[PDB]
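Asker: Build me a structure from this.
(chains A, B, C, D and E, ligands or ions: 7)
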Amino acid sequence: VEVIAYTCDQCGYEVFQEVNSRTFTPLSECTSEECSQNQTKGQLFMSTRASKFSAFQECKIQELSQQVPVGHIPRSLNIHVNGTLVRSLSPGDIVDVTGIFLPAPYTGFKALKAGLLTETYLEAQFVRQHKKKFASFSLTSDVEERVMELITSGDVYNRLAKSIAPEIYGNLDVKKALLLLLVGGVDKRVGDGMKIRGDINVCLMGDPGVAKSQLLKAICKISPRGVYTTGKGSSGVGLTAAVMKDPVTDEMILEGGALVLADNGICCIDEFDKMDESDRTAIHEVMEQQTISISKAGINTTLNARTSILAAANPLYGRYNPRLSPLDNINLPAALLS
Amino acid sequence: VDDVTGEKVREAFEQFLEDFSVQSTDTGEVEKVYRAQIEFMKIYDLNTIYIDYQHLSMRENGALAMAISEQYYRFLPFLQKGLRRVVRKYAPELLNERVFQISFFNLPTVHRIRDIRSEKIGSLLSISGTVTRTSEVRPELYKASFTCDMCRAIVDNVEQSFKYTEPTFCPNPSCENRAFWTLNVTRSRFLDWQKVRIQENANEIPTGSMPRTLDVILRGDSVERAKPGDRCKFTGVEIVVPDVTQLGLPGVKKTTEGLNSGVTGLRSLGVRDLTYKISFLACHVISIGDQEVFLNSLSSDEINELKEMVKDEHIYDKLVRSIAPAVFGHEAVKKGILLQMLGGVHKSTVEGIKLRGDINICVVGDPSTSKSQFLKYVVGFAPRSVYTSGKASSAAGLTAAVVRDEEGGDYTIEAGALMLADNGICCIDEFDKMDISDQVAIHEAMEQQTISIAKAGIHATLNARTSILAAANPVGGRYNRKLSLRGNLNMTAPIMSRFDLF
Amino acid sequence: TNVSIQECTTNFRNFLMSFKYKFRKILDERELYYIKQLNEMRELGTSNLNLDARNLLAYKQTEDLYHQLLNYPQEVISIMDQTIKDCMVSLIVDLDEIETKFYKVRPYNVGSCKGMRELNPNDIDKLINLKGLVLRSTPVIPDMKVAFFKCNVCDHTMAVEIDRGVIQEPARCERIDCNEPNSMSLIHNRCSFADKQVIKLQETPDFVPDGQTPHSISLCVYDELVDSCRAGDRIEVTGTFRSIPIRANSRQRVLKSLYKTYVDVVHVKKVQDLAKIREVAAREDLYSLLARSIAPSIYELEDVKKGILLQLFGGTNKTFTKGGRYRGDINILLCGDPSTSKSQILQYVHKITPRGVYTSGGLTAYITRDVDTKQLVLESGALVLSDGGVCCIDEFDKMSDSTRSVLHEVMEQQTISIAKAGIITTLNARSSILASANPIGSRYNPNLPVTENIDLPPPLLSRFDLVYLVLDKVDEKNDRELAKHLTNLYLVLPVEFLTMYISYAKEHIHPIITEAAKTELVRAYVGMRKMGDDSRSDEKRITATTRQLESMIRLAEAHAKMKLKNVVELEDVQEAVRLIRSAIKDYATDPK
Amino acid sequence: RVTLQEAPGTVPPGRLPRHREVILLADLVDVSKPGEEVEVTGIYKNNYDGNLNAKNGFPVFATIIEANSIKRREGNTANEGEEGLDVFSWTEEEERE
DNA sequence: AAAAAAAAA
Ligand SMILES: Nc1ncnc2c1ncn2[C@@H]1O[C@H](COP(=O)(O)OP(=O)(O)OP(=O)(O)O)[C@@H](O)[C@H]1O
Ligand SMILES: Nc1ncnc2c1ncn2[C@@H]1O[C@H](COP(=O)(O)OP(=O)(O)O)[C@@H](O)[C@H]1O
Ligand SMILES: Nc1ncnc2c1ncn2[C@@H]1O[C@H](COP(=O)(O)OP(=O)(O)O)[C@@H](O)[C@H]1O
Ligand SMILES: [Mg+2]
Ligand SMILES: [Zn+2]
Ligand SMILES: [Zn+2]
Ligand SMILES: [Zn+2]
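Answerer: Numbering: from 1, shown residues only, chains lettered A, B, ... in the order given. Ligands and ions are numbered 1, 2, ... in the order given. Shown next is the structure:
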């Protein structure tokens, strides 16, 4: 609210009120002349149509890891935005906001303490989104001449494989496989509705000290949809969404069975033999674009998982052996391997 | 103001109470069923009366039956007055002044929980569901008596409501009730009160949605009549309960979204809003799921059939033939089961030593020779019997177990099948794959008829007076005639001595 | 405003009596709806009107009423309902059924569907359309409409109307004979109430392209809209927008500067055939076509398809008193290497069957602690939910150990009991089981018998009705045929007709066996008994068990259940014995 | 004051116990011990409570038991030979015998 | 939210 209006029950003018504080109090009696008479004429009521409103949104901003002095924990800062600038920023980007730094009373908490201590917040005025733009490959002349240059370049896939990770030496087959993975296989169904998935599921086997993790980091960085996960370490990454018990009201917003950006994503995992039974069962649920249908409280908001699987792991002995090779494999069930 | 409609319905009520005059059978010319009921209350000192809705239905058609059913709360005191009038007309000494209660039964239809709507508030109704929780039988204030402290006058018969209400005036002319009153506990009259919870059955509920829950309040003689887990049918009147917290009280004062139907503008509420919630009031509950004492239950068939069975000469020859007619063959198993079902005498020594008075029977055979049929038949015939598998999925297993909430002060025990089978027959199937804990608890539960436990600060000695019947399969599948019982079975020697027949 | 009161009513009445959808037909460029619908209401007795905006938009005078409806919903709807109340009497010229009923409209398709991600404050008190998924419902909330007071001193009652929820309490009884101010007391249970219900709604997942989280918008319904939606339902609604202040502290009169938003709706939408049956039922080769219709893409595997269809048909159930109930369910197990597409058949049967739950390797009832509300609720499991249907189990080998015994309880008795938290009760399941299993290792070696490879208890396997084995072995011809068939797919099927036919067979048809088939059954039992011994006294394995007898009787009865017959014939018993002995003939180990 | 549950040997199987509150006046302090099954003879009385009325929405009253005699009944279930609060107490004549 | 003790698998 910016200006709050009350209807006066046909008693002439409708009394208005203006409040700028975060706490608001209503009226009880009005200054209408017949209402100002020695007996009341109708109880004043708040009218939603006549009053004026304004969009409100609040966020917080974190310090960058570069600017934090050693041995310290990054701090936060609330920010308020009103007007047409609403919805001009999204979580997970680097920005530089310009605005007014204003105090906010601590009396909202209502503890009768902090006689002079008060909270502070910033009011947004102008923002530069900064960072980078994916642009959804929007067609433009410059990139048209760029793809003309690529066409004139002739055979391209070997060059692209050479250009991914020059830091790691050789290993052309894995780079070619990654390039073929980045495009995707046959998709968009067949006749009668039989399911076919265009994502390719490739697993990398090797001993420690081969820089398969480095190549995985490179492909994750270069792919906008790449995500890296691992066995535990963080709990809100598998079999659960990121909105669990998040809101201040503890509204318990939840989708049920879902993964991290499982739709058209590139899941990358190191130590694919490490994770517990829960994440392994999650992968067994995601096999072949299968939807995630794990329910806990009557929810069935299944996430349409269609993702490529990138798995890097080693045999638990950490080295290859001259004996039968399936004895090493991945120390994982053969159904997943097939 | 004289509510003549209430007076008229009360007059009709007492009329068909006094002169219903229905006939039951040919020999029953005139019964006067309610007069006989009043005679029963005379000779047994009862307080509740039972009225069939169908017997009420044909009296004045819908001019009386519907008039009572729809506005039940409106006309309840008039019916109470009529009942008191007729009782004190026919039995004044019965009044020695007492809370008479009326329970209507046999309603035409029953409603589901999902069909409960606000337009039926104050109307007689019948509902059904699964009871999942009860509460302690707490006394309830019904008619309070008060003393005006500064003048010690007596004001009584103060009807109560959903809050504890004090009087508002003092009849003494010199006094003007400026001070409040002191409740006279020994002069007030209390009544029983118990709150139960019900939910929709698995039959009605569609899809994977959550069941709908309702709260039912009992009163009077219908306490402890709905045990948890039982599917029951309730008959009563729809009511609504507000939030007493917003209401004035001597004491100190999904959900976060609000948007409740709040009402404000009263004197006592001040600036507070009043909300409401649907609750059900019940008055009738039913469930759909010494030799001289026996001789006292006298009837023509009771005398004739029992005398014929006693005076016969080939009862035993016939008796074993009447056990489990479905199964084919196995005469000795039938005789053994009959002998188990009769049971043995239980005696105690002069110094407190107990002697076991039960028969334990085991059945061994190769697969598919109709061994589970006897178990199922004895479960379906013997009262207080329980069917159980040898391997139990629950932590209780066979005897008992202790469960406690994580950082919770429960420290309670859960009852195993042997505990539930008290004074009955326990029918365990597939005896072979029991585990060590049960395998060593059983031969204490069998011979000594008790179970003792001491874990995590709680100790108890539970009663396990049971008659066990078990089945098993020989090791290797088929009984090898070359070897003996010990060679084929994998049971321990002490367990075999426990059993009485094989 | 004071404009729509006078002329809009007359204009819309004129276009009510003069509308024809030929105008909409011409606009489309590929009849009196209102009067015929009102006459249908008159002959039906209901009170309900549907009203599309596009047809309302097709007329030039009405589009002004369209825009005024957008701006002022409540007044337009009220005057429209009053107009229809008058129109009933204007058209009938029994006047008795009209004075009891009211009239309401259900406008829809006013505008394009908008999402929770774009809701400006400029759209307050305007009509919008929403699509979403229902998350949770609430019990009916009584709403105050009429107060009932009583002068306790003189026992005099009066009825007081309310408005906007706020009630003006009378400070004195109207009876001047007593005229006391403080003698007025409210009666809670003698008033009149309305049934309000709050619905929680979430946005459809199609509005979130970049892995963000969905948002939830509260909903409100009245009267006929109560309980019209349940959990997981996909609906579209039409209603106005609203805002409301927050009380914050209930002790004071302070109000927050932010208003909660909620939507009040008036509209919801979701997202003699027996003659045709007997025409099909008279066809001679209906069995083969019906068996092959279930799995259109699966190549060969005819016998397993026949068995699955027959078990979908199901046997009979009887509960004679002196002997007890007999099982009517059929349970089948599938085994083979993970190269058979055996999960596709599971999905096929799951979606074809009327009732059924598809799970994996918890399945039964357990007491749960309710999440949003701090209460205790009893919840039933997957097996209980499949009463009368087919319960589908996948990955049966990794079944743990605690749950398996539960199955050992649910097949032999078909009644599961629970004793926890003071609750002792028994629940009915009466469900059919169809499961799939995988051998241990990369392949199923034919030399080893079945028991070792599957790793299942011998009794649990023994108590199944049937068992099917699939062995994919490398040959030129079969591999060529599969390659051709799969490539052709890569480059005669009925409809839900199947479902209603199955229902009719289940509940109208109760066939019985005749005396003639008894001789054949006894002969078959003897025949499989005679094979079980040979010219040596080695006491060969007893392969002819009574489980085989129940298998053939149930299968023969289920065959007679198919084709809508009433008494069995020989063909049923030969089919049953051949079907069982085909599986038995493939049950042999490396010896013999 | 102490909390009194139901003895597991007399509760119906599979059900839940019931709790009451017992008040011990002078000369009865520390007579009872935790975990020990007892039998108390006392007086039944009722008193008003505010929160209890608030939660149930009906005029319900709390109940307590003030003890007047306590008899320990742990282990020795044989209680027919003689009467009294204790069976291990002797009179002067029994000492003489 | 995080540490530490107990019964059952
Ligand atoms: N062929 C290579 N070219 C360049 N650097 C390499 C190569 N192989 C390994 N490295 C070095 O290995 C390091 C990263 O490899 P890393 O040990 O993470 O591989 P990994 O096989 O995934 O092992 P682990 O599971 O133990 O982490 C880097 O320091 C990188 O320089
Ligand atoms: N009257 C009867 N005579 C012989 N056998 C029967 C009779 N009725 C049922 N049966 C068979 O006996 C079996 C009983 O199960 P059970 O004896 O426990 O064998 P299993 O241990 O294999 O379940 C049933 O499967 C049924 O086929
Ligand atoms: N005869 C066949 N016709 C069509 N598809 C087949 C056939 N055999 C195998 N497949 C394919 O191979 C896969 C086999 O997987 P499956 O064995 O069902 O996995 P699971 O281990 O879950 O049983 C199927 O997804 C199917 O697409
Ligand atoms: Mg690594
Ligand atoms: Zn006014
Ligand atoms: Zn006084
Ligand atoms: Zn009055």
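Asker: is ligand 2 contacted by stretch C:309-327?
Answerer: No. Stretch C:309-327 does not reach ligand 2 (Cβ under 6 Å from any ligand atom); its nearest approach is 9.0 Å. To be clear about C-beta, it is placed using only N, CA and C from the backbone, and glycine gets the same treatment.
Asker: gap between the residue in chain A positioned nearest to ligand 7 and chain C?
Answerer: Closest residue of chain A to ligand 7, Cβ to the ion: residue A:39 (24.0 Å). Look at residue A:39 and chain C: by Cβ to the nearest Cβ, to the nearest Å, they are 13 Å apart.
Asker: Can you report how many residues neighbour that residue?
Answerer: 6 (other Cβ atoms under 10 Å in any protein chain shown).
Asker: Kindly report the same for residue C:1.
Answerer: Neighbours around residue C:1, by other Cβ under 10 Å: 8.
Asker: Isn't it up against residue C:72?
Answerer: Yes. Residue C:1 is within contact range of residue C:72, at 6.7 Å (criterion: Cβ atoms under 8 Å).
Asker: Who are the contact partners of residue B:65?
Answerer: B:53, B:56-57, B:59 (Cβ atoms under 8 Å, 6 or more residues apart in numbering or on different chains).
Asker: Oh, that last question was meant for residue C:421, not what I typed.
Answerer: Contacts for residue C:421 were tallied using Cβ under 8 Å, 6+ apart; they are C:367, C:376, D:16.
Asker: Helix, strand, or coil at the last one?
Answerer: In three-state terms, and counting by DSSP: H, G, I helix; E, B strand; the rest coil, residue D:16 is coil.
Asker: Excluding sequence neighbours, find me the nearest residue to it.
Answerer: residue C:422 (4.4 Å; Cβ to Cβ, 6 or more residues apart in numbering or on different chains).
Asker: Surely the one you found touches residue D:15?
Answerer: Yes. Judged on Cβ under 8 Å, residue C:422 makes contact with residue D:15 at a distance of 5.4 Å.
Asker: ok, and does the helix or strand hosting residue B:126 reach over to chain D?
Answerer: In this assignment (DSSP states H and E), residue B:126 forms part of strand B:124-133. No. Judged by Cβ under 8 Å from any Cβ of the partner chain, strand B:124-133 stays clear of chain D, getting no closer than 9.3 Å.
Asker: Would you mind pulling up the elements that that strand packs against?
Answerer: Applying 3 or more Cβ pairs under 8 Å, 6 or more residues apart in numbering or on different chains; DSSP states H and E, one finds that strand B:124-133 contacts helix B:65-70, strand B:189-199, strand B:231-242, strand C:376-379.
Asker: give me every residue that touches the residue nearest to residue D:16.
Answerer: Counting by Cβ under 8 Å, 6+ apart, residue C:422 touches B:133, B:228-229, D:14-16.
Asker: So which of these is the closest to residue A:147?
Answerer: residue B:133 (70.4 Å; Cβ to Cβ).
Asker: Tell me the buried residues in stretch B:123-131?
Answerer: B:124-131 (16 or more other Cβ atoms under 10 Å in any protein chain shown).
Asker: Just flag the most distant two among those residues.
Answerer: Top of the distance list for the buried residues of stretch B:123-131 (Cβ to Cβ): B:124 and B:130, 22.4 Å.
Asker: quick one, strands of chain D?
Answerer: Using DSSP state E, the strands of chain D run over D:2-4, D:20-23, D:38-47, D:62-72.
Asker: same deal with chain A?
Answerer: Secondary structure of chain A, counting by DSSP E: strands at A:3-7, A:16-18, A:23-24, A:45-46, A:56-62, A:76-82, A:96-104, A:119-128, A:202-205, A:226-229, A:263-270, A:306-313.
Asker: got TSV for those, with mean neighbour count too?
Answerer: As requested, the strands of chain A are exported to TSV (neighbours: other Cβ atoms under 10 Å in any protein chain shown):
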stretch	mean neighbour count
strand A:3-7	18
strand A:16-18	13
strand A:23-24	16
strand A:45-46	16
strand A:56-62	13
strand A:76-82	15
strand A:96-104	12
strand A:119-128	14
strand A:202-205	16
strand A:226-229	18
strand A:263-270	20
strand A:306-313	21
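Asker: Tell me which of these approaches residue C:216 most closely.
Answerer: strand A:56-62 (17.1 Å).
Asker: Mind listing the strands that closest one pairs with, and their directions?
Answerer: strand A:76-82 (antiparallel) (DSSP bridges).
Asker: what's next to the partner strand, contact-wise?
Answerer: Against strand A:76-82 from outside (Cβ under 8 Å, 6+ apart): A:54-62, A:88-89, A:97, A:99, A:121-124.
Asker: related to what we said a few turns ago, so can I have TSV of the strands of chain D showing distance to chain B and mean neighbour count?
Answerer: As requested, the strands of chain D are exported to TSV (distance: least, Cβ to the nearest Cβ, whole Å; neighbours: other Cβ atoms under 10 Å in any protein chain shown):
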stretch	distance to chain B	mean neighbour count
strand D:2-4	10	13
strand D:20-23	9	15
strand D:38-47	6	13
strand D:62-72	7	15
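Asker: how many other residues sit next to the residue lying closest to residue B:326 once chain neighbours are set aside?
Answerer: Distance criterion Cβ to Cβ, 6+ apart; nearest residue to residue B:326, sequence neighbours excluded, is residue C:323 at 4.3 Å. Neighbour count of residue C:323, defined by other Cβ under 10 Å: 14.
Asker: Where is the longest helix in chain D?
Answerer: helix D:50-56 (DSSP state H).
Asker: in that helix, what counts as buried?
Answerer: D:53-54, D:56.
Asker: next one: stretch C:84-98
Answerer: Buried-residue list, stretch C:84-98, by 16+ other Cβ under 10 Å: C:84-85, C:87-88.
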